[PDB]
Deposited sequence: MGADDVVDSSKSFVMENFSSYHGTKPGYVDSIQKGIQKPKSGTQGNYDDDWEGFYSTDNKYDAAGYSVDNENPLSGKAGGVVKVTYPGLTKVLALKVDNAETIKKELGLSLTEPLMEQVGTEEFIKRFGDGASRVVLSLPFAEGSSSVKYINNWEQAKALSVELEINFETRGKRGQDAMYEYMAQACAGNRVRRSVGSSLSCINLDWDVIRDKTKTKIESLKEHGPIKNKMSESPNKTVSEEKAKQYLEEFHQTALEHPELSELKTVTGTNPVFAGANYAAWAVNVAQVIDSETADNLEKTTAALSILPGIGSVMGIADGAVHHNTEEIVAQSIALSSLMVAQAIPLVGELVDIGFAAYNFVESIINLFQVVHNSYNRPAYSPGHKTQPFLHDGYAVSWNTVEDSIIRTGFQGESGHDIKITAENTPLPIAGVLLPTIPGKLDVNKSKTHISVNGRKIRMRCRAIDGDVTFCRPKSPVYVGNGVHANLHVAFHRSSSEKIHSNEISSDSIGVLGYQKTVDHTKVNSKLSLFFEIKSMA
């Protein structure tokens, strides 16, 4: 079966959102007008995802954003949700002429009778994207003539620089949320860059000619140290002083790498500058993004880091106008891209099937259901964790498992770990009443070409549902190699759910 009934419905005045490119925002309000199987007018239930289609098609990296409009059908509309996007399959399980195109057939009187449940027309619904809870709607172009069109937002009307209007709109979705005023950041960035070209005048001690990569980097680390003494970078100096990602040597690497890929054709064209900078490593140094967090999350500190790296790029071009102009506009856009990724709902490492990457290991739950410990029944469950490592053989010392005195137990007979198919039994001992430690009975190593499947088996004695009160941890702790001695900790996060 191909139609998801749980997601299909009829509704009066069905509304959705369409991301509109610049120059079409006014025109589209006068009516919706024009694979072939999927030729239709596209919309979404989520106005923020709509805004992602609004950017200039000739300059998708750096161009202006048009707007979003809300389209509405009068009367009754059937939303038919599909469990697949393979049309050949669809037409098969829906008995249609496998010759005629799907979105053509979708708009016919015959289709709307069979599937419309008495609505005036059908709209197809599909998952918008992997990792998204939004949907996309596919409208037959002729039926789409029935839509009235309202402006939800015109980004150019805001009259803001770059893509700030679009990204500021999207930050609305999250009310943690990076909601920065980029106007302020552009202004503070300008003033700090000029307030610093005025000790910083180590421009004398600079070769001012081509030199060697190691030489340029060396001099740029010194320049970075001197720059950070300036009081207009004082907070930056404080917040970048420990984390090795934010060290002057990484600012220097970044700046050097910018200098080598930016030629004159590139620097005069913002789209081309952004494409060039977008494929470099190291931007996390400038952005203050490390270990899953956006540390530079204030307008002032972002302006400092941008201001500092603008200066270093300036210094770095002679050794290997653009710095304060197109370099800043481009970097700002990439900041906005990454901040938006971190604002969107997303499973963190070790949750669901997202891998946990640490100390050279990669661990993950094998399937989503593996990461759920079901409750409310007596009996058994099994849960599979995949484990490998990037290069040389790294040991697995054991695993820490949650236990509930009397209501949840490790099944020490079915709990085991298998290394490239070799089944290894475990010896499990309670640490206390809430934690059991299981170690392999022979040595477990993983590495390139050597993986393991840890199979965790649980036994429930009570039909009683588990209460959060009862469980201390929310993760299974896999122990890596020993390195004050401690094991590398690899965390698989689970969720307690009722059977269903």
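Missing from the model, relative to the deposited sequence, are the stretches 1-4, 39-47, 189-200, 224-225, 229, 349-354, 518-521.
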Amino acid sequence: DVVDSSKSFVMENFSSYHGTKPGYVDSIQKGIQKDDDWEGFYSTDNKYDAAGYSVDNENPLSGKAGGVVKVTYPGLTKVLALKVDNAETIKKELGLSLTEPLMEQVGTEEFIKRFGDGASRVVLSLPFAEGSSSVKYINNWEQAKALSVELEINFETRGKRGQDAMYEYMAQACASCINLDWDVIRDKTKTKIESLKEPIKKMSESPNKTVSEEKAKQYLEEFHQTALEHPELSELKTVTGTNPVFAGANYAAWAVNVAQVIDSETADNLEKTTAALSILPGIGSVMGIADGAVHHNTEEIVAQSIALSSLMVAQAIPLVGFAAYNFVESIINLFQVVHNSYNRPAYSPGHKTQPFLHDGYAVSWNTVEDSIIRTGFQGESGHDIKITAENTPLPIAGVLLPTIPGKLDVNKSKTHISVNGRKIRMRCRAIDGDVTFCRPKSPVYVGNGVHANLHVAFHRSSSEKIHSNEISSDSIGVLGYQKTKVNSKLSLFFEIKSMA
From here on, numbers count along this sequence of modelled residues.
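Judged by the one-third criterion across other entries of this protein, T484, though modelled here, is missing from at least a third of those that model both its neighbours.
Compared with other entries of the same protein, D434 falls outside the group left without coordinates by a third of them; all model it where both flanks are modelled. Once the C-alpha B-factors are averaged per stretch, 209-217 and 117-125 rank with 209-217 first. Here the stretch with the larger average CA B-factor, out of 395-403 and 426-434, is 426-434. Within the selection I372, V294, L196, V419, the deposited Cα B-factor values reach their highest point at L196. Across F223, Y361, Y73, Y167, the entry's maximum B-factor at the CA atom is seen for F223. Compared with the other modelled residues of the chain, the Cα B-factor recorded for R439 ranks in the lowest third. The PDB entry assigns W38 a C-alpha temperature factor belonging to the highest third of its chain's modelled residues. Ranked by Cα temperature factor within the chain, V302 sits in the lowest third according to the deposited record.
When the modelled residues of the chain are ordered by C-alpha B-factor, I185 sits in the middle third. In the deposited entry, the Cα temperature factor of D384 sits in the bottom third of values across the chain's modelled residues.
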